[PDB]
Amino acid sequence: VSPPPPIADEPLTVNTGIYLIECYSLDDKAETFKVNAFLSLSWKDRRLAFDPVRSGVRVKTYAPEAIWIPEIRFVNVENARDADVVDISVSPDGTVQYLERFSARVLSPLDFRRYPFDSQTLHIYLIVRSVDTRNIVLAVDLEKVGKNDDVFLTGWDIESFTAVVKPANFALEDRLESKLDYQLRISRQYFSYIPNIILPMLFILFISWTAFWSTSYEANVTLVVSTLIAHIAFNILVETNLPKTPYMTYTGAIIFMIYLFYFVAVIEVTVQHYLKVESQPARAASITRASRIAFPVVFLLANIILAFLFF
């Protein structure tokens, strides 16, 4: 089969629409998500036109094999989409109405800078390669772009599913390609991070600061070192749920900065002891008393500065 012939030299417009059914498995480490939706395509093929009076019927159904169907592919998919044809319907003028149900693992990158208080724009790129007979251009039928109300992405809030109506028309391997951008705007449900990582991490830090109300070196060493290891466990736990970024993430920055607080606490604890042993507990008392105010104040200000830089 060959593509439909042009009336004049116009390109063939394939109207598209994606309707999300099931949306799942957003892998932060892999920067992938799995989709399960409807793909609706529509184009005019005059060769398929018929008289509704003479034929009796208002629409004609065809098998994919019977007629010409545009080879529509997804750009950022991992493997080729799994698709199953729901319907192919021709109206008297030759307007073909294709519908298929598909599933694909889509590879759209993520910006972890404000993690876990981040929002993402997932992309689904539809593309079409022009044949030698004629150039094929994509379009968005906005009435055929939507999503189910049940559509739920675990640990995420789905904000919008829209399409950038003007396609990107460009050359690739000496043939004209028409790309379309479907954007799924989502925002992370940060709630669980608070009682599971953030608050536990702050509690262990404040426990390390009880060393500023203790003269026992052996007890302080235990307090600051033990809590530093729990902080190491939280750093490891966090960096497992995330990929290696060439930039600093919000949680990454807080986690990193807290190491400096542990390091300075070890110095204070060491200084206090050296001074006490050197028979200068008065000077050690001044340093310990100051640290009680300095550590919370510097922690609170440093956090104001970080939240400011990141948001």
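From 1 onward, residues are counted along the sequence shown.
- According to the PDB record, 4-12 carries the higher mean C-alpha B-factor of the two stretches 300-308 and 4-12.
- Mean C-alpha B-factor is higher over 52-60 than over the other stretch, the pair under comparison being 52-60 and 274-282.
- Of all the options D84, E177, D118, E239, the entry's greatest CA B-factor is assigned to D84.
- The residue among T133, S187, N196, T227 whose C-alpha atom has the highest B-factor in the PDB entry is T133.
- The deposited CA B-factor of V106 belongs to the lowest third of values across its chain.
- Among the modelled residues of the chain, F170 sits in the middle third by CA temperature factor in this PDB entry.
- Per the PDB record, residue ranking by Cα B-factor puts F203 in the middle third of the chain.
- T222: CA B factor lies in the lowest third for its chain, per the PDB record.
- In this PDB entry, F212 carries a Cα temperature factor that places it within the middle third of its chain's modelled residues.
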